[PDB]
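This report concerns only the one structure given below.
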Amino acid sequence: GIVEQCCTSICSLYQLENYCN
Amino acid sequence: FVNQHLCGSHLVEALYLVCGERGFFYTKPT
């Protein structure tokens with residue numbers, strides 16, 4: 001999920017595309 | 001691409017910039 005990767009840790013383009021339409 | 005924490009407005013703006021006007025769903029359940 002986006003919040004556990006991006007808010008409490010660091011995330012990337014290669015994680016972020018898993019939440020696109 | 002950036003290597004930083006992104007939360008609230010930063011999380012949705014970066015996710016929308018990666019989706020590039022495709023749109024998003026923050027957990028995309030089936």
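Ligands are numbered from 1 in the order shown, chains are lettered A, B, ... in the order of the structure tokens, and residues start at 1 in each chain.
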
Can you work out which residues from chain A touch chain B at a cut-off of 7 Å (counting only C-alpha atoms) and hand them back as a PyMOL selection string? chain A and resi 1-2+6-7+9-13+16-17+19-21

Let's see if you can do this: from backbone DSSP, list all helix (DSSP H, G or I) residues in chain A, as number ranges by chain. A: 2-6, 13-19
